[PDB]
Amino acid sequence: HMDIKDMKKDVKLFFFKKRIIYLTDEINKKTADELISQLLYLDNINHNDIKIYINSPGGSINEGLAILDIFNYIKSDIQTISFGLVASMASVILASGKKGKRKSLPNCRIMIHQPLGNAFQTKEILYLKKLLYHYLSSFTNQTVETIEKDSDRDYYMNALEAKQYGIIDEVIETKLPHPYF
Amino acid sequence: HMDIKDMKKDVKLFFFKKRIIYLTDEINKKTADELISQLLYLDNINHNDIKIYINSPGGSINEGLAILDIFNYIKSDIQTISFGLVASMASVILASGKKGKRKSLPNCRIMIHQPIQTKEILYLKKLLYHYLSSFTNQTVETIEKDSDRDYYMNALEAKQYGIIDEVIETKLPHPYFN
Amino acid sequence: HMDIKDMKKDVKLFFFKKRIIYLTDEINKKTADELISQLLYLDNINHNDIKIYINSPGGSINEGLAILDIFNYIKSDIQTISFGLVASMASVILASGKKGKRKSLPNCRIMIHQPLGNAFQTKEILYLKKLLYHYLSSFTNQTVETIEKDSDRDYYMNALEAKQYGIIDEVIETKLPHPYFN
Amino acid sequence: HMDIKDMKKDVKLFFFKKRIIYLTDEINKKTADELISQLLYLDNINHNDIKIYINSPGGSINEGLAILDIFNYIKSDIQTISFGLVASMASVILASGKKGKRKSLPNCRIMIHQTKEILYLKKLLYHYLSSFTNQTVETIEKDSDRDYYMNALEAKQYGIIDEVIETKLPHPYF
Amino acid sequence: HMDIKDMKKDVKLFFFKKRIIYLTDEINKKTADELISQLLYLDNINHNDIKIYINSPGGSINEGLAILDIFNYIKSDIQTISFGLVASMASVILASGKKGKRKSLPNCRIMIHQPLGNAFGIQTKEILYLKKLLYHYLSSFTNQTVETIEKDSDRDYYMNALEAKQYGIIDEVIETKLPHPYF
Amino acid sequence: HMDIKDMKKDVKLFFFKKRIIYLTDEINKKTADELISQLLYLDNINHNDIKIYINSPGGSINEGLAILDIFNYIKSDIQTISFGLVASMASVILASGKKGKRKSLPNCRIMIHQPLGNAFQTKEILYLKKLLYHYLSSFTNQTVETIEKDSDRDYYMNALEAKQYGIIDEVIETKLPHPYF
Amino acid sequence: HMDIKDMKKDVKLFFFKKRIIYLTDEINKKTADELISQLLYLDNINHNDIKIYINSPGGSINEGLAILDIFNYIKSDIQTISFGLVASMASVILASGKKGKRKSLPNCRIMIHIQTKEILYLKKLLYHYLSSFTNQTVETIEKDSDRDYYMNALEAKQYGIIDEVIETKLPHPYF
Amino acid sequence: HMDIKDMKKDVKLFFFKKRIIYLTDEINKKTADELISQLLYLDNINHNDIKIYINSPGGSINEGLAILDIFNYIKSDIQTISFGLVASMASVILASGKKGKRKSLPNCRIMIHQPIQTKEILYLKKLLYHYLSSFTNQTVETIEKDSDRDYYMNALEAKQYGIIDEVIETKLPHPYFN
Amino acid sequence: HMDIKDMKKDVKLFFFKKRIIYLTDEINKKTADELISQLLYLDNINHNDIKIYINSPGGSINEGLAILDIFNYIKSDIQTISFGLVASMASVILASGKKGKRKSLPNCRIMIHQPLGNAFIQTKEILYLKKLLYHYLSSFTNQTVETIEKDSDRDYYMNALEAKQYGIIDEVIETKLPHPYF
Amino acid sequence: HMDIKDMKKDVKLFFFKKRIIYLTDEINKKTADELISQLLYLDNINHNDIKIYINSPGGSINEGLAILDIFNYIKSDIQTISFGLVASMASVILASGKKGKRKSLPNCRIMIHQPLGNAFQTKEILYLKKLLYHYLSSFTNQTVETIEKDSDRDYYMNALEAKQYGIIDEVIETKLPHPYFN
Amino acid sequence: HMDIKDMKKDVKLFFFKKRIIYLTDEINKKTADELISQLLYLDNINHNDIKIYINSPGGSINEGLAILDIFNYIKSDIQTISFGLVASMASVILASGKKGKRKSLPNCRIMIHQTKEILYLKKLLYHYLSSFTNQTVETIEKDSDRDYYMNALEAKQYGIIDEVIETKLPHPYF
């Protein structure tokens, strides 16, 4: 069978019912609101693992830290899997997945900086970036100086580099080998 | 049971039925009107606690005070829980929650600073300070002073300030809290 | 029992079936038409009291006066409760509720003038404002001279001042006292 | 029982099934077409009275005359009731209602007001208003050129309506 | 019996099921396509008379001539009734109704020219060709000569119901409870 | 001779130096400002008559009354001559010319109402119109009721009707007779 | 010699000092005001003839009549010469020229074709003037004014709009 | 002599040289900057009286006060003459003219009513009332009261109010004055 | 000696005083008016040959015919020289030049149709003008009306040489650079 | 003697030749460039005092600091006089005038913060603000902590408060006393 | 005597005649063309030093290299002086000034920062900056990727300028 009346909304619903969520879009008020509702909704059903595919350029750091709070508030473990492009807050969210369950497909590009811009209060923007660096630091074991330096120079990592960095635990093996691994 | 057909509207509906509302947008005519209708509706069902998640930059003082009135017009207690960013009118609403049931997530950022006859805009601001004053046990002088200096507080600072009663514990410690 | 499939339309419908309407938007062609349809529909069901929550800056005096006509045309008595901000025709509609049944929440700000502007023919605009003052006069017992004077100076009233003015019968007391009341 | 699953569309439908229509919009191609369909539809169910609440600033004269043609094409009597503002073409339609069944709420305000074609239609429009009100074509012409609003009572005395619906609220000027 | 669920779609649907169609929009690609679909659909059910109310300023002559082709392609006869304003191809369609079954309400204004403009959309020679052809078809429907038709069109000639009948566009003017001041 | 370097500005200057001004445009702040400066400038040279051709739809009543004040403040007499279309404040200005010196070309259309609109404070708009009616009343000998009624009905007058009304003193005779005179 | 500084402003100025004006624009408030200024100015210098080339689609009827008055108010004769395209109010101005001195070039195209009661009054008035300028009946003027009719230079002469068709080194295919 | 080449710029220049300036536009950064420069320039030439024709709806309070300062910084006296419409900041400037030399044409309409940190907007308004108060000899209370009720005065009323010293006589009597 | 004050206006003025004009822009009201005033001005100085460089896509046919009228009105002969792109009315103007004095540069492109669009809508009038433009070109090139029209309908582009053989120009100006197809 | 042909440009020029400049516009690329050109030009003529009237909300701190550099680079001493409103870099430029020569008209409003917004790279914006505070600190004798605190709360000062703050040396007394001064 | 009849255009002209130019705008087609004409013009009068005040955010690399080509085509020495902000292409131009004659005001902020073509130009640009500063192409590459501003003194130590013009105002961080 395949009880589906819609080819978009019903497909996402199918995965949602299997505890699989997609964070494949810019992080903003609306996006973080939907994701938070969903996480809370699922954690209410049971405390089994939740899988979140991540392909986002990031966005608002405030919204990301809100998502990060919910991530660590619910009981269910969260395994993160990235693909496409992941940046800033999206990378920190990727890195906060349950240790050992943070993965990434081969061609994913991962970066610390924000490709959408520092804009989504001068001192507040800095405080949030510094804070973001601290969380990434605790998730990757890298020092804050390193994280900051790498963010300032717009450092782009491949899946393997992200793993060596400490952002993910393993690079998912595919039928297609990566030319530089 | 998993009686969900839509993944956005239906999820919110599910929480609404469990007396949980999300005030995660700007406060204006439309938004205030939806919340009050929802509050009055929930209070008509029964008088159990109503939970309100707050993530808002603020908005209309007039609409904010209308929400404040409805908060205190209904029988059910309202527990406020902030996350993300809460400012101006949204902070007062967070603080106006049931004493002892006002909470906040670790990384939330809370700001007082606020700012159409001129005489009215000031009367409303002075009135806001008084309410925030009785909610936090801070003098009106202090409130006004802190409101003029665009300053963000972390969750713990907001608690010490009297805006919330406790910081929700998380599996992730805050680098600046304990 | 929560038999709702929507969080907006259905909530308003739930209240509509309990004879409760929300006049919480600018008074214009579209809103006046909807409110009038609703009042006539409810008065067709039965003639029990109808409650109308009001939070509006007003708008078009013509449409406002049309609502006033339907208001006084139906058999059902009307209870008016204001919150937020109420002005111009909204205030008049508020003041037209059944005597003893006109209420207001503590923080409501009430005014006679039009905050959205006198622009929803000069002589006709004047004619409607003067007529509005007359109706408010008969609802509050204030003289038309007073009403107009207060309107021209953009006078804002708190709930208690509105009661003393004669616009409402009482200020609903809540769990939160007002800094300048009693 | 209030079996309406909507507060805007369903309320209008409830009245439509009770032969009640609302003409509270500018008179244009779309609204004329809609109204005409509705009138023709009701007249096809039976020929009982049809009530039309009017509150419109007017609009297309051509589309107004079509509505006028349909008013007098159906067998059902049409009773017009105005509230709010009624002007130009909308006033003629209010006036064209079944004699003796044209009413208005107390605070309603009523106003009467290619190149050779635009004038031909105005002239013709004056004649219709004339027969509806018993005022001479000259008086209509004159009163329409000076943009002037009438109150409900004045509209009755003019011959546009037959009666002013009384309400619990007396009009200060009547 | 009023089993209607809306005051717009369902009302038109109720008339459609009764072989009644409305041509109250401009004649363009979209509206011509719908009308044609509807005509072909009805004629597929049975071949009884199809009634079409017309209140249109016309539009595209190509789309107009297309509707005309469909008109004479189907077996069902078509009685046309005009009201409001009818022009160009709309007038021609009105005139192509079953002889003896072409009507018009009293206040309708009928003209030959295009009030929306001939550039409705410039291929000059083709525009002229489509108009001359339009004139010929109208000529064969009203018995007027192509010369008269063209002259009248070029001078933005507006006719009243009666003048339209005398011209040969409609067969009769429907009597109404309200007599026309100039009839 | 004909010392002219420009075919627009220099032509107006030529007339200005002969005490001839043109009020052939909408009456607004800028327009009234230029006209007032000019009148004051000329009255400073000498007190000989000033001729003002008027072809204006009017505009701001406030600005018109300002012009009207200056008109009656300078010592020089002002003869007004209209052509084209003259309305509202433009008509009042036309009518305030020195009695016996107010003229109009044959095809000029004259009206009291405003073809540009009452907009250029409800009670203030009425006060200004009422005031305008009073000035026109004193310039034409017509009553204020008449003026107001004629303004309300958008009354358009021909040159001869304007003279009978009392707005102008004479219709300038041209080589072309008017079909209705 | 040639003392012109630029090929636009100064060329028109040169012709202007020779009492030659170009009315090759649309007729509106600004255009009429300028033309009226220029006519009054030229007539103030002396009263010799003033030549006006016309190539205009027309425009405001009020401003057109204002020009008409100024035409008959000044003492100088005005010989109108059309070319390109002349329509409506511009055609009336063309025909309003001094009888016998109204001309047109070979290929010029000529065509006769805000309260309601006013716009009507102005058209009627326009017909009467055009009528007395062409000796055509008021009915004819109106009839032709409704059928968007274009006339060649010769037809305009026969109609009474112009007095003669300027001859040129190039014969007209239909003349 | 008639040394005029332009009919707009040159006419104003002629009056400027005769110490006559036209403040017939809105009061803003650009306008205030032109007037002050002009005033300082005229005062540098000599100290004879400077005449200023005023027809303005008002504008920036900050720029208005800057003009008020320059008015009182220069040695030359400034006589203000209003015509058309004068409101808000423009009325204060008219009233700030040299006592005894403040005039107005018959049909001029004068309005007090005025109305970007909120606290500042009020400080400026209160300050304006004081200045207008000393210029008119009206109490600050009266000024503020009349400013709240959008009310236009005629030339004579403005004189009785203390804004101007006299109404310029004209060959045309005002239907409501004598 | 070069006593110029600017590289644009004065350079054109220099040529103007030498009876040389540039018709290097779209033909419209403004352009026709300027060219016409210039032709009349030069013809007023004397009757010597007037040279006109042409590089225009054409434009309004009316304005073009007006220019053509002035061309044959003035007494001075006019020699046309084209370069770049010449189309529609611009081409006819090129062909109307003094027989034997119509020249063109090698790389010039010439067409009869309108590249800017036949819509510089009175249909019959537009067709009357197009047809009226053909005869004139016909008389200028000896080509028949059918040929001119046929070639105009198929947006036909000619090179300098083909233009001469067509009868639009008398000779192709020789240059230090030979054309790859001549 | 009034040898002026213009009422704007020439008035400013008359003052420029008397070593008086007007910094009365938002501080941006264009205005800073012009002011800098002017200062260098004047200091090239001679080294007498230069007077600068200031009425500006400030703008770009980079450009403002550039003006500050040129200010202190030239030999000529600079007298600064403020009126209207002065903020951010404008205030600093005001405070940088020759000690004892920094004046202000009575009604001037002076502030440290940027009324046009901190938006003329985060760390660089912070770096420039901190640097601005330092310069103002050395010009007023206030501590950098104080300056920043006052800036963060959008502190507005009247002329007298500005003098006591150390931004100006004296409040010019005019014919009109200030309601809250002495 | 101050014989300037304008306060903006004439002031610039006065300096131009004293061989002083201002490059205080974005580097684009128009500004490059203007500057190049000015440089070529001055070099044609004589070959004395030409001073160029620089305060620009940068711009077109192609137009920057053209200016660079012209800098080294003329015989006159070009002394560069920066103030305000100097970035990217504008920094290279500042650096390309005559060795020993490149200066900067105390508060100046200096920053170094088709598809295959855009990269080819950046690489080439790094080499030029390298020879001008004595920093290896690697250091330029690295320092340009991390968007970082230098103060006047740091710019000198980097090799972009030769000296920091001293003023009556000391810099708090020097």
# chains A, B, ... in the order shown; residues from 1 in each chain; ligands from 1
>>> residues_around(residues="residue 68 of chain D", least_positions_apart="4", cutoff="7 Å", atoms="only C-alpha atoms", output="PyMOL selection string")
chain D and resi 64+72+93
>>> residues_around(residues="residue 83 of chain J", least_positions_apart="4", cutoff="10 Å", atoms="only C-alpha atoms", output="PyMOL selection string")
(chain H and resi 62-63+65-67+69-70) or (chain J and resi 24+53-56+103-110+159)
>>> write_last_selection(atoms="N, CA and C atoms", output="short mmCIF file (atom, residue, chain, number, x, y, z; two decimals), in the first residue's frame")
data_model
loop_
_atom_site.label_atom_id
_atom_site.label_comp_id
_atom_site.auth_asym_id
_atom_site.auth_seq_id
_atom_site.Cartn_x
_atom_site.Cartn_y
_atom_site.Cartn_z
N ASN H 62 14.07 70.93 15.96
CA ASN H 62 15.49 71.16 16.16
C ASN H 62 16.01 72.25 15.24
N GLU H 63 15.61 72.20 13.97
CA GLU H 63 16.04 73.19 12.99
C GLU H 63 15.37 74.53 13.27
N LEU H 65 14.55 75.70 16.26
CA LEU H 65 15.23 76.29 17.40
C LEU H 65 16.60 76.83 16.99
N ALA H 66 17.21 76.21 15.98
CA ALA H 66 18.50 76.67 15.51
C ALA H 66 18.30 78.04 14.86
N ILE H 67 17.19 78.19 14.14
CA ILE H 67 16.87 79.45 13.50
C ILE H 67 16.57 80.49 14.58
N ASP H 69 17.80 80.58 17.51
CA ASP H 69 19.09 80.94 18.10
C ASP H 69 19.81 81.98 17.25
N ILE H 70 19.84 81.74 15.94
CA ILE H 70 20.51 82.65 15.02
C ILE H 70 19.78 83.99 14.99
N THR J 24 27.10 71.31 8.17
CA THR J 24 25.69 71.19 8.50
C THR J 24 24.93 70.12 7.72
N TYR J 53 30.94 76.05 11.65
CA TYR J 53 29.63 75.95 12.28
C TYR J 53 29.20 74.50 12.11
N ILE J 54 28.75 73.88 13.19
CA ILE J 54 28.35 72.49 13.14
C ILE J 54 26.91 72.23 13.53
N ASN J 55 26.20 71.54 12.65
CA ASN J 55 24.80 71.15 12.85
C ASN J 55 24.66 69.87 12.04
N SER J 56 25.06 68.75 12.64
CA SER J 56 25.01 67.46 11.96
C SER J 56 24.77 66.29 12.90
N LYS J 103 32.44 76.58 21.08
CA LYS J 103 31.21 77.23 21.53
C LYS J 103 29.94 76.57 21.02
N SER J 104 28.82 76.94 21.62
CA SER J 104 27.53 76.40 21.24
C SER J 104 26.42 77.40 21.51
N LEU J 105 25.46 77.47 20.59
CA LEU J 105 24.31 78.34 20.76
C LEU J 105 23.45 77.66 21.83
N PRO J 106 22.65 78.44 22.57
CA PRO J 106 21.76 77.96 23.64
C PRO J 106 20.86 76.74 23.39
N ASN J 107 20.14 76.73 22.27
CA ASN J 107 19.22 75.62 22.01
C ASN J 107 19.78 74.37 21.35
N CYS J 108 21.09 74.29 21.20
CA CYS J 108 21.69 73.12 20.58
C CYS J 108 21.48 71.88 21.45
N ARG J 109 21.23 70.74 20.80
CA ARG J 109 21.05 69.49 21.52
C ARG J 109 22.26 68.67 21.13
N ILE J 110 23.00 68.20 22.12
CA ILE J 110 24.21 67.44 21.86
C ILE J 110 24.15 66.04 22.44
N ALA J 159 23.02 72.83 25.95
CA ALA J 159 24.31 73.50 25.86
C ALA J 159 25.11 73.52 27.17
#
>>> calpha_fit_and_write(fixed="chain H", moving="chain B", output="compact mmCIF listing (two decimals) with C-alpha atoms, in the first residue's frame")
# COMPACT_ATOMS: atom_id res chain seq x y z
CA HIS B 1 17.30 100.40 -13.05
CA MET B 2 16.06 96.95 -14.09
CA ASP B 3 19.15 94.74 -13.81
CA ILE B 4 17.20 91.47 -13.98
CA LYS B 5 18.13 88.61 -16.31
CA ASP B 6 16.10 85.86 -14.66
CA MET B 7 12.52 86.24 -13.41
CA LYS B 8 12.67 83.91 -10.40
CA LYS B 9 16.17 83.63 -8.94
CA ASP B 10 17.00 87.25 -9.78
CA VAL B 11 13.85 88.70 -8.22
CA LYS B 12 14.65 86.97 -4.92
CA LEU B 13 18.26 88.13 -5.18
CA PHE B 14 17.08 91.72 -5.57
CA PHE B 15 15.04 91.52 -2.37
CA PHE B 16 17.82 89.69 -0.55
CA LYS B 17 20.11 92.62 -1.32
CA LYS B 18 17.44 94.88 0.16
CA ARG B 19 17.50 92.65 3.26
CA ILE B 20 14.25 90.84 2.50
CA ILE B 21 14.00 87.05 2.80
CA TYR B 22 11.14 84.67 2.00
CA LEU B 23 10.61 81.72 4.35
CA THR B 24 7.83 80.29 2.20
CA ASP B 25 8.56 76.59 2.51
CA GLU B 26 8.74 73.71 4.98
CA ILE B 27 11.33 74.01 7.74
CA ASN B 28 13.95 71.27 7.45
CA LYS B 29 17.71 70.71 7.41
CA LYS B 30 18.16 72.26 3.95
CA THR B 31 15.79 75.19 4.46
CA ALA B 32 17.09 76.10 7.92
CA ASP B 33 20.65 75.93 6.58
CA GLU B 34 19.85 78.37 3.78
CA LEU B 35 18.11 80.88 6.03
CA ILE B 36 20.80 80.90 8.76
CA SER B 37 23.53 81.33 6.13
CA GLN B 38 21.54 84.19 4.66
CA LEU B 39 20.91 85.80 8.05
CA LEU B 40 24.56 85.54 9.08
CA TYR B 41 25.52 86.97 5.69
CA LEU B 42 23.20 89.97 5.94
CA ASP B 43 24.26 90.69 9.51
CA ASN B 44 27.89 90.65 8.37
CA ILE B 45 27.16 93.41 5.83
CA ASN B 46 25.53 95.76 8.33
CA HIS B 47 23.04 95.70 11.20
CA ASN B 48 20.00 97.29 9.62
CA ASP B 49 16.64 95.55 9.96
CA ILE B 50 16.06 92.27 8.13
CA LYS B 51 12.55 91.50 6.87
CA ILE B 52 11.30 87.91 6.68
CA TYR B 53 8.07 86.99 4.87
CA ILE B 54 6.69 83.79 6.39
CA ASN B 55 4.30 81.30 4.77
CA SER B 56 5.13 77.87 6.18
CA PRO B 57 3.46 74.75 7.66
CA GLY B 58 6.37 74.28 10.04
CA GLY B 59 8.76 71.36 10.27
CA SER B 60 11.74 70.26 12.36
CA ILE B 61 11.71 71.55 15.93
CA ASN B 62 15.49 71.16 16.16
CA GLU B 63 16.04 73.19 12.99
CA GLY B 64 13.43 75.69 14.12
CA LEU B 65 15.23 76.29 17.40
CA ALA B 66 18.50 76.67 15.51
CA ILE B 67 16.87 79.45 13.50
CA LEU B 68 15.53 80.93 16.73
CA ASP B 69 19.09 80.94 18.10
CA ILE B 70 20.51 82.65 15.02
CA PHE B 71 17.65 85.15 15.19
CA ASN B 72 18.94 86.14 18.62
CA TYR B 73 22.63 85.71 17.84
CA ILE B 74 22.76 88.42 15.19
CA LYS B 75 22.73 92.17 15.84
CA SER B 76 20.14 93.16 13.23
CA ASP B 77 16.50 93.21 14.25
CA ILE B 78 14.22 90.80 12.43
CA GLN B 79 10.70 91.81 11.50
CA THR B 80 8.41 88.91 10.71
CA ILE B 81 5.52 89.22 8.29
CA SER B 82 3.14 86.32 7.77
CA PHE B 83 0.80 85.55 4.89
CA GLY B 84 -0.97 82.44 3.67
CA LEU B 85 -0.63 79.80 6.38
CA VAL B 86 1.74 79.69 9.36
CA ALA B 87 1.83 76.70 11.68
CA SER B 88 3.75 74.96 14.44
CA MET B 89 7.44 75.87 14.32
CA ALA B 90 6.70 78.62 11.78
CA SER B 91 4.32 80.32 14.22
CA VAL B 92 6.96 80.40 16.95
CA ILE B 93 9.43 81.92 14.51
CA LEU B 94 6.82 84.52 13.52
CA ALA B 95 6.23 85.29 17.20
CA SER B 96 9.97 85.40 17.95
CA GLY B 97 10.31 88.43 15.71
CA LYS B 98 11.32 91.82 17.10
CA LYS B 99 8.66 93.00 19.56
CA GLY B 100 6.60 95.65 17.81
CA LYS B 101 7.72 94.60 14.32
CA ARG B 102 5.75 91.35 14.00
CA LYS B 103 3.02 91.72 11.37
CA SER B 104 0.54 89.74 9.32
CA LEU B 105 -1.60 90.17 6.21
CA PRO B 106 -5.43 90.05 6.62
CA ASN B 107 -6.15 86.55 5.28
CA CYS B 108 -3.28 84.73 6.94
CA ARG B 109 -4.22 81.70 9.04
CA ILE B 110 -2.12 81.03 12.14
CA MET B 111 -1.93 77.74 14.05
CA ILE B 112 -0.01 76.79 17.21
CA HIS B 113 -0.64 73.03 17.28
CA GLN B 114 2.55 71.02 16.75
CA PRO B 115 3.28 67.28 17.10
CA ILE B 116 13.56 60.51 17.48
CA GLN B 117 13.52 59.43 21.13
CA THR B 118 10.08 59.94 22.67
CA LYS B 119 11.55 61.64 25.74
CA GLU B 120 13.24 64.16 23.45
CA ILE B 121 10.18 64.93 21.33
CA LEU B 122 8.42 65.98 24.53
CA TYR B 123 11.33 67.96 25.95
CA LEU B 124 11.36 69.93 22.71
CA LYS B 125 7.61 70.56 22.79
CA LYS B 126 7.67 71.75 26.40
CA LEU B 127 10.61 74.00 25.51
CA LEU B 128 8.69 75.37 22.53
CA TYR B 129 5.71 76.26 24.71
CA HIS B 130 7.95 78.26 27.05
CA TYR B 131 9.42 80.33 24.23
CA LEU B 132 6.02 80.91 22.64
CA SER B 133 4.83 81.84 26.14
CA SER B 134 7.43 84.58 26.59
CA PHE B 135 6.75 85.82 23.05
CA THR B 136 3.00 86.12 23.58
CA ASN B 137 2.69 86.74 27.32
CA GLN B 138 0.31 83.79 27.53
CA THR B 139 0.79 81.22 30.28
CA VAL B 140 2.52 77.95 29.35
CA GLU B 141 -0.71 76.24 30.38
CA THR B 142 -2.72 78.24 27.83
CA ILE B 143 -0.19 77.59 25.06
CA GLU B 144 -0.19 73.84 25.59
CA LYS B 145 -3.98 73.75 25.86
CA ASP B 146 -4.46 75.66 22.59
CA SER B 147 -1.79 73.58 20.89
CA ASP B 148 -3.66 70.35 21.61
CA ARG B 149 -6.88 71.47 19.90
CA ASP B 150 -5.83 72.01 16.24
CA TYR B 151 -7.17 75.55 16.02
CA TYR B 152 -6.61 78.25 13.40
CA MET B 153 -6.69 81.94 14.28
CA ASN B 154 -7.27 84.82 11.89
CA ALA B 155 -4.83 87.75 11.76
CA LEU B 156 -6.72 89.79 14.36
CA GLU B 157 -7.05 86.85 16.74
CA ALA B 158 -3.32 86.21 16.38
CA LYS B 159 -2.65 89.81 17.41
CA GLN B 160 -4.95 89.57 20.43
CA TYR B 161 -3.16 86.31 21.22
CA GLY B 162 0.22 88.08 21.25
CA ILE B 163 1.78 86.33 18.24
CA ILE B 164 1.94 89.47 16.07
CA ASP B 165 1.80 93.20 16.80
CA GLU B 166 -0.43 94.41 14.00
CA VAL B 167 -2.51 93.46 10.99
CA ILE B 168 -1.31 95.14 7.80
CA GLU B 169 -4.08 97.35 6.42
CA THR B 170 -5.19 96.58 2.88
CA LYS B 171 -7.41 98.10 0.19
CA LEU B 172 -9.64 95.11 0.88
CA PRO B 173 -11.43 94.91 4.25
CA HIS B 174 -11.70 91.46 5.83
CA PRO B 175 -15.35 90.29 6.07
CA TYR B 176 -14.79 89.34 9.70
CA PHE B 177 -12.43 92.13 10.84
CA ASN B 178 -12.72 95.90 11.07
>>> residues_around(residues="residue 49 of chain C", least_positions_apart="6", cutoff="6 Å", atoms="only C-alpha atoms", output="number ranges by chain")
C: 76-78
>>> select_by_dssp(residues="chain E", states="alpha helix (DSSP H)", output="VMD selection string")
chain E and resid 9 to 16 29 to 45 61 to 73 88 to 95 124 to 142 146 to 154 161 to 167
>>> interface_residues(of="chain J", to="chain K", cutoff="6 Å", atoms="only C-alpha atoms", output="list in words")
residues 62, 63, 66, 72 and 73 of chain J
>>> residues_around(residues="segment 124-140 of chain D", least_positions_apart="6", cutoff="8 Å", atoms="only C-alpha atoms", output="PDB file with N, CA and C atoms, in the first residue's frame")
ATOM      1  N   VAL D  92     -30.819  54.324  -7.963  1.00  0.00           N
ATOM      2  CA  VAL D  92     -31.837  54.000  -8.947  1.00  0.00           C
ATOM      3  C   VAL D  92     -32.345  52.592  -8.664  1.00  0.00           C
ATOM      4  N   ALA D  95     -34.555  52.642  -5.800  1.00  0.00           N
ATOM      5  CA  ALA D  95     -35.816  53.232  -6.223  1.00  0.00           C
ATOM      6  C   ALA D  95     -36.655  52.302  -7.101  1.00  0.00           C
ATOM      7  N   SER D  96     -35.987  51.450  -7.874  1.00  0.00           N
ATOM      8  CA  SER D  96     -36.676  50.529  -8.771  1.00  0.00           C
ATOM      9  C   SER D  96     -37.310  49.333  -8.069  1.00  0.00           C
ATOM     10  N   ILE D 112     -28.201  61.085  -5.438  1.00  0.00           N
ATOM     11  CA  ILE D 112     -28.515  60.907  -6.844  1.00  0.00           C
ATOM     12  C   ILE D 112     -27.370  61.628  -7.530  1.00  0.00           C
ATOM     13  N   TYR D 158     -38.927  62.312  -1.303  1.00  0.00           N
ATOM     14  CA  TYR D 158     -38.472  62.463  -2.681  1.00  0.00           C
ATOM     15  C   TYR D 158     -39.120  61.415  -3.590  1.00  0.00           C
ATOM     16  N   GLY D 159     -39.477  60.270  -3.011  1.00  0.00           N
ATOM     17  CA  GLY D 159     -40.099  59.207  -3.784  1.00  0.00           C
ATOM     18  C   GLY D 159     -39.156  58.066  -4.136  1.00  0.00           C
ATOM     19  N   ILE D 160     -38.010  58.008  -3.459  1.00  0.00           N
ATOM     20  CA  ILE D 160     -37.021  56.963  -3.702  1.00  0.00           C
ATOM     21  C   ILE D 160     -37.347  55.709  -2.895  1.00  0.00           C
TER      22      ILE D 160
ATOM     23  N   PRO E 181     -38.248  54.055 -22.104  1.00  0.00           N
ATOM     24  CA  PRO E 181     -38.608  55.432 -22.454  1.00  0.00           C
ATOM     25  C   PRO E 181     -38.581  55.795 -23.936  1.00  0.00           C
TER      26      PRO E 181
END
